[PDB]
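Observations on the model geometry
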Amino acid sequence: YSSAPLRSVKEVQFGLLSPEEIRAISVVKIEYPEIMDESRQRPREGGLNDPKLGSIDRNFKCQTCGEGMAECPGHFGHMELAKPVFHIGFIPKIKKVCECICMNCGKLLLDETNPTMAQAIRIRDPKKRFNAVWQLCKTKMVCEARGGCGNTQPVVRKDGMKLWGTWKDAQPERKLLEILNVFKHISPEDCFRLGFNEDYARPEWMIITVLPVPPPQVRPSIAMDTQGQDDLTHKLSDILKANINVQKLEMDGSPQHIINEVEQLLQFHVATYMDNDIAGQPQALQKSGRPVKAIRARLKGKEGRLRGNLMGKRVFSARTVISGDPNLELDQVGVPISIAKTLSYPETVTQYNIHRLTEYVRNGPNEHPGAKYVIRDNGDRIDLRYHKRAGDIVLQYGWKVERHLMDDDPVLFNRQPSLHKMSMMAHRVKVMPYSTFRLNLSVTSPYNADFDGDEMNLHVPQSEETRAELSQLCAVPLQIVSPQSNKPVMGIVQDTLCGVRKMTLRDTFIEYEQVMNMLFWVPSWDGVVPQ
Amino acid sequence: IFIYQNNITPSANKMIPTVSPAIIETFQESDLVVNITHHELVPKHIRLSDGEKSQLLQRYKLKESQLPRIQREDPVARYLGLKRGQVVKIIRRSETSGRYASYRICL
Amino acid sequence: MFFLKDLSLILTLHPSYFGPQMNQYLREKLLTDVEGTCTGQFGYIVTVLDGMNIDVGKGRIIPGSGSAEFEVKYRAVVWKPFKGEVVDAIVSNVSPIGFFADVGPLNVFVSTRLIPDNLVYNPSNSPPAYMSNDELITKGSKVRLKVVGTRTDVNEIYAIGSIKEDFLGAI
Amino acid sequence: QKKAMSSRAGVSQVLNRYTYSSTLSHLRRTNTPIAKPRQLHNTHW
Amino acid sequence: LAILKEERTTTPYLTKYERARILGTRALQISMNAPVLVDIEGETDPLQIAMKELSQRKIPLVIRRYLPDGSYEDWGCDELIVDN
Amino acid sequence: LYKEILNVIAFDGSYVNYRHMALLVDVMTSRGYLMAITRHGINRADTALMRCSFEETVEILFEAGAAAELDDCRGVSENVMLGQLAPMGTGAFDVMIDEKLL
Amino acid sequence: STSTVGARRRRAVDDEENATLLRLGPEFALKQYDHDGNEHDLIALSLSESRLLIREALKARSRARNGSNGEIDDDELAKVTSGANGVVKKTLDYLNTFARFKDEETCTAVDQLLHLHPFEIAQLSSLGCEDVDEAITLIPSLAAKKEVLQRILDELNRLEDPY
Amino acid sequence: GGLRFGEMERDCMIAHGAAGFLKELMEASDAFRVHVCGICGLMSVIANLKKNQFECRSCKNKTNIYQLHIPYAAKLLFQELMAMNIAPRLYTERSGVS
Amino acid sequence: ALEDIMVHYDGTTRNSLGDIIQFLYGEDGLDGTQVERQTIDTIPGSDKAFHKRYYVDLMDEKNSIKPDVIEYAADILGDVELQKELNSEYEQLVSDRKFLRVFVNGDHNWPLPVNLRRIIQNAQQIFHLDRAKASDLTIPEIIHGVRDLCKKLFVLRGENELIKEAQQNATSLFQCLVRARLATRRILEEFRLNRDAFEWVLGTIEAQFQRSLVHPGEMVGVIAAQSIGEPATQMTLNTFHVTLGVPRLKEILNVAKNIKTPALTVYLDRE
Ligand SMILES: [Zn+2]
Ligand SMILES: [Zn+2]
Ligand SMILES: [Zn+2]
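To continue, consider the overall build of chain G. Scanning chain G from N- to C-terminus turns up 7 helices and 2 strands. The order of helices and strands in chain G, counted from the N terminus, is β-β-α-α-α-α-α-α-α. Expressed along its principal axes, the backbone C-alpha trace of chain G runs to roughly 50 × 50 × 25 Å.

Written out as structure tokens, the structure is:
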């Protein structure tokens, strides 16, 4: 339990880290590029990962904010870069910004004075404003003097990770280092003129000064009982090293034009770290050829976090081979004993079911109509298969018990590709023998399955409402009339169909002996043989 | 409402929005040979007093932007001579109810 | 300095207490969570006015479990010292470093460095006091002090102050 | 090997051993680095 | 915000989702050792108990229906006709 | 647009109810013109976390922290991404205990 | 917790110092907002006047709850309607050993009179005062908001209920 | 392992209007308790869960703090975005209205 | 592309922006599940055969309800005040007939909530009616009764007018189907409904309808989204046996600027 009040996110605010903030937040000075080994001795040098950040080895340790591994989200650290760098993905804007602002001064290139500008300036749309604007200011290159110093503005172009431009007979080329300074000067009402926000994201922060170093849960290590370090836990070190050498060239015989040759490297490793799939090829492979997943690679849709881990995750579920059973109510679904003895259901103790539960519990996790876990009010769990008091336990109203799924437990049965509202339907559970999900024939075409090996996924509700929600809207019976084609979507297939035809012909006659065994098979039979 | 035969000069029309409140429109000849509203697919539109409008909004709890739009240079929008801020009620036949009533504001 | 601010509170309520006289239980629980609290944000919550017509409004039922969430909107009497503010309370304790005074639910302390020099801390006297060319201060005696600074704490807001200015001290 | 993954994986596999006709088949197999090629051309006779 | 018990516009009928969830909630509520307002005529599975609590319209609950703009309309389970 | 889509389903014997095609047709149409159901369409309206869950995933976030966007969290997606009940039928309202009637 | 009727949207460090410069916390601006959604002037509560609001609620409370001489007649009404909340006892003794009045009228009077920005109208009432040089000193926010106030200061000790 | 409840499975439930069950991405998978800051909407908070001490220096707070329940995959989404310098602020109250 | 589209408590189909995509889901606010292929009588057939079905003339020896159908057949023949309510009616049906020729095709089969063909067939044997002995309805009974019905087939509910208009609007089509099977002539000569039966059929049409309305909550977008894409997974990439099928849909959803088969059909002029 956490004393802090519980709330739900009702809003999300985006922006860019102001260097001063990253500094603020950091709990690690992060100077060293290694991992730990206090000279082979295992620990965690005050240098990299855990110079107070999160931790490994099942050790509460973590700046006493204990919690050990699970409960402790990560803890950010930082790293003062030797010289300002371009945020790999903003390099586009950083450039379009300059195309719109004057240097040596730092103000817009079109004031209310220019008419076509007024218009652009009124376009209320943080994006289309900065759009229309740039479409104007990318032409004029004379800081016309309102503000002063008409120094001609250069035409900038993209070459790898550097912005360069020409000032003009015949040009004069220079490689813009300088930029940040100009941005800082850019006026506040101007940030806003372009697509920015003075509080959450100021144009300047598109260039990084102090680098935010993410913690362990982010770039976990995988030891072989032997090293084992994550991908990112490297291009952090590659960067770290490309930082060290830089500085050690700016406080010693600094051959001023042989440093830049070493600055471009850091600019790169930091481009890498975040993005490693760009234009100016240089894939930047890890010793072996391995590409090295850039942070942005972990996100690319499908497989990547957003579409891979959030819009859909692996989830109290089971799956095996289907074969239809002609003696199962339309909405049932035969579940192999084995499975029912594996999937449980948290049913709180109540004076209506105490009696049955105390039985199911004694029954243990190995008898079918049994259970496998009892949880007392004291947020702790008893394992019904070990606990020396296994068959002992007398429940307490309010405790919850995890019982084996039983007959008539609503569960979500499905067969993917799931392209229907009907690719998932709630069924009545029927524990049966043999290793397979036994579904009714008429409920075949909705999932669109056959029995040539086809497999089916099953999910088990867990709340009292979760279940209800499953039975009141997803029950197979409710689904019989499909909204997509305003007609049913389950009929009588194969044998039943084929035969129902024969049985109907005027030539088809049946005598008493059978007309009886036939009436018997109809469960609702009124108990009256028709003349 | 000038009806230019083949085309007006770029020097010319650059003198339209120069006489407010009044407003002026330009229509090419070869584009008014057939009344477009007359078409099968073209459903009937209709303007709306800043009264009938300030009503729709209250009646549906709309924030103006939340209303289906229609282009200023829209063939029908021009025909009825709309303006940025005016609403239009569309009334067409529907194989589901008989007649549906949609509205488009003109951006 | 005492105020009457219009606050509100949220209380989750287990379904058990879903009886006929529920309004009652929320109310009484309200009191158990407000009257006596203390936040530098809102000060010292001391008393809830007009009980009878407390406002409960309909509460909503949290989805996971069963509890209901109520946003109780009341009004109460609070008190939170400000800097530069001037008040007077009964002297509560007194050491070599100064003496502590008690203004209402508060305790402001005065430093031997925030008094008029000619008033030195008394050695072996009972109960330990302070002597002036004419004045004498101890537990009982009433003092009017000025609150220099304020430190917000746990469930109590203490502060500091002096009687070095004029019109301050005994009365 | 090296920082040269710019190669082709597939060449050389793990010989099948489910059944005899499985193994034969595996050896008599052909590849083709990537709607018309997949076709069964005449020349294929 | 608000909206009088008057001028209420939404359906006087209970949406399948409302019922489904009401029975939902009230069901776990009961399984949380809550208090019931009917005669467990021998019933023991909460969702049943709640299904009854519905037919006798004795489920103290209110549906606060939201409108796209942000305002709402409160209705009791007692009110809301339960056709379905 | 409708007629053409309809004739594409109907040219296969399959039957779908008006309302469906219409809704699609309508969604493409309403914003003023012909907004395509592509990375260069709906995924480009005033709907950040959302659009980010389809095609341009990362840049969509970049130029979102860039211009400091604020997300309602009114989108079905947002909530799934957050792990909160989304305003979807069942959650398109609130449930409160009336003490009075209780 | 418990939040007030001033829900501002703190979107991503601007709380100047608190001084008798009449710059009370943002939660106590001369303009706070009423529970019914109305605008209402702050609520100044000088001592004694405070002692009443309290005594009154603790009473109409011990009413529906059944549906040095005052030092006692208040210690009792407590151990019945109070959380059982030391803070109040103290705020009641103190508010009763320093209260400058007794009758709901003698208190009405002070207010029907004095009524300056709320904090003052109260400090002047709960703090003994003779000279303006004095009031203007222990209430440094005045100074230029009323010529040397002196009359009023008298009119108080003149209605200064006996003890 | 455990069977995935991928996108398409999401969709359906959403079609069913099966709000809660779907929410239950949380109960059957991720879920996790993170501590946000009432001011800089981040997962900074140094919550030493015992002595209650909460804090978040840099924003120097110990008073306004919230606890939330989100899918760890998502907690991660954010830590990730941050290390790329983008700031996903998490706010518990709408201020923009509508 | 439709995720966030769901019917709202006012009956508006909107999204995560409140932007109205449809004012009444499907242009009627009906849930597809509760709908079946009905045949709007009025529309098809000759003007001759039409009249001989719904036309009633109490001021005429040959075009009046024979007193073997009604219970006041002779005591009703000639009534001027009745023949007027009977005009309102016959004049209506004609307004319909011409209003439906919406469907310039003439095809009178369409998906419509509340299956009236059956609903009446239920009365048929619930009260056992003989194709012999007369009914017992005032002409006002029938005519007037079907008007009172229309009044309760409420979809939208709003207090004001714009709404009350939408009401009539998004309904109409139904009402016509309704009149078509509740014209005095048919209701008495075709399905001899007693006074009782009628009050039942009516009451049911009303009830049924109210259930056939869409539920606010219905995550409509994801629905139609699939409803459309599903019957696509069942098609062939081939455009054999004009660019159609699979690739075409593609072509469209992309809002292609240069389709493979542009082509264009033009019809002659009136004459
Ligand atoms: Zn920690
Ligand atoms: Zn300049
Ligand atoms: Zn913070």
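Next comes the rest of the description.
Residue and element names in this part refer to chain C. With mixed pairing, 5 strands are arranged side by side around a closed barrel as β8-β9-β10-β15-β14. Pairwise comparison of adjacent strand axes, ignoring direction, gives a mean angle of 50° for this sheet. Here strand β9 (residues 98-102) runs beside strand β10 (residues 108-111); their pairing, made up of 4 bridges, is antiparallel. When the bridges of β10 are listed, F100 appears paired with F109.

This part covers the sheet that holds strand β1 (residues 2-5) of chain C. What holds strands together in a sheet is hydrogen bonding between their backbones, with the strands either parallel or antiparallel. One open sheet accounts for 4 strands, arranged β1-β7-β4-β3 (chain C); its pairing is antiparallel. At either end of the open sheet lies a strand with only one pairing partner, and these are β1 and β3 (38-39) of chain C. Sheet topology note: the β3 of chain C/strand β4 (residues 43-48) of chain C ladder contains 2 bridges and is antiparallel. Following the sheet pairing, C38 of chain C is matched in β4 of chain C by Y44 of chain C. Lying on the sheet, helix α1 (residues 49-64) of chain G is in contact with β1, β4 and β7 (76-79) of chain C; it crosses β4 of chain C at an angle near 45°.

Attention now moves to the domain arrangement of chain G. Residue and element names in this part refer to chain G. Taken domain by domain, chain G holds domain 1 (1-44) and domain 2 (45-67 + 72-163). The straight-line distance from the C-alpha centre of domain 1 to that of domain 2 is 23 Å. Across the contact, 7 residues belong to domain 1 and 12 residues belong to domain 2. Within the side of domain 1 that touches domain 2, the residues separate by chemical class into 5 nonpolar, 1 polar and 1 charged.

With that settled, consider the arrangement of the chains. Interchain contacts are distributed over 20 pairs of chains, and the most extensive set of them lies between chains A and H. With no contact between them, chain A and chain B keep their nearest C-alpha atoms 13 Å apart.

Further remarks concern the pattern of salt bridges. The residue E59 of chain F makes a salt bridge to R296 of chain A at a minimum N-O spacing of 3.4 Å. One end of the pair, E59 of chain F, is in helix α3 (residues 57-65); the other, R296 of chain A, is in the loop between α9 (260-274) and α10 (305-310), on a second chain. Of the charged contacts in the structure, one is a salt bridge between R179 of chain I and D96 of chain I, with a shortest N-O distance of 2.8 Å. Members of the salt-bridge network, linked through shared partners, are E347, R356, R403, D409, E464 and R467 of chain A.

Another aspect to go through is the interface of chain A and chain H. On the chain H side, the residues contacting the 74 residues of chain A number 67 residues. Those elements that provide at least two residues to the side of chain A that touches chain H are β1 (11-13), α1 (19-25), α9, α10, β7 (317-324), β13 (411-414), β16 (455-459) and α13 (464-472) of chain A. The element best represented in the side of chain A that touches chain H is α10 of chain A, accounting for 6 residues. The residue makeup of the side of chain A that touches chain H, split by class, is 35 nonpolar, 24 polar and 15 charged. Inspection of the sheet shows β1 of chain A paired to strand β3 (residues 89-91) of chain H by 3 bridges, in the antiparallel sense. Paired with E11 of chain A across the bridge in β3 of chain H is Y91 of chain H.

Cut-offs used in this document
For each chain, positions are counted from 1 along the sequence as written; this may not be the entry's numbering. Residues without coordinates are not shown. Here the convention is simple: chains get letters from A, ligands get numbers from 1, in the order in which they are written. All reported values concern the displayed chains, which form part of a larger assembly. Excluded from the side-chain calculation are hydrogens and water; included are all heavy atoms of the structure. Residues with missing side-chain atoms are left out of burial classes, side-chain pairs and their counts. Put simply, DSSP marks the helices as runs of H or I at least four residues long and the strands as runs of E at least two long, and each gets a number from the N terminus on. For two strands to count as paired, DSSP must find a minimum of two bridges between them. Only the stretch in contact is used when a helix axis is fitted, and all axes are lines through C-alpha atoms; the angle between N-to-C directions ranges over 0 to 180 degrees. What makes two residues a contact is simply this: any of their non-hydrogen atoms within 4.5 Å. Where each domain starts and ends follows an automatic or database-derived domain assignment. In this classification, the charged set is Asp, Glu, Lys and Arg, the nonpolar set is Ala, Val, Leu, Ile, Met, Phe, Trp, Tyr, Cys and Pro, and all remaining amino acids, among them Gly, are polar. When a carboxyl oxygen of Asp or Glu is within 4 Å of a side-chain nitrogen of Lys or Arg, the pair counts as a salt bridge.

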